[PDB]
Amino acid sequence: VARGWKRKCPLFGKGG
């Protein structure tokens with residue numbers, strides 16, 4: 001979800 005959430009790998013609090 002990091003793709004369209006935060007950056008690329010890292011998303012919320014999980015990993016990526």
# chains A, B, ... in the order shown; residues from 1 in each chain; ligands from 1
$ residues_around --residues "residue A:14" --least-positions-apart "4" --cutoff "12 Å" --atoms "only C-alpha atoms" --output "compact mmCIF listing (two decimals) with N, CA, C and O atoms, in the first residue's frame"
# COMPACT_ATOMS: atom_id res chain seq x y z
N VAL A 1 0.82 -1.20 0.00
CA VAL A 1 0.00 0.00 0.00
C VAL A 1 0.86 1.26 0.00
O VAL A 1 0.38 2.35 -0.28
N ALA A 2 2.14 1.09 0.31
CA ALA A 2 3.07 2.21 0.35
C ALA A 2 3.18 2.88 -1.02
O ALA A 2 3.54 4.05 -1.12
N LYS A 6 2.32 6.34 1.44
CA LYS A 6 3.37 7.23 1.91
C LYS A 6 4.42 7.44 0.83
O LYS A 6 4.34 8.40 0.06
N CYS A 9 8.43 1.85 -0.47
CA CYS A 9 8.53 0.64 0.33
C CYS A 9 7.70 0.75 1.60
O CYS A 9 6.75 0.00 1.82
N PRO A 10 8.06 1.71 2.46
CA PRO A 10 7.35 1.95 3.73
C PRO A 10 5.96 2.53 3.51
O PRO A 10 5.77 3.45 2.72
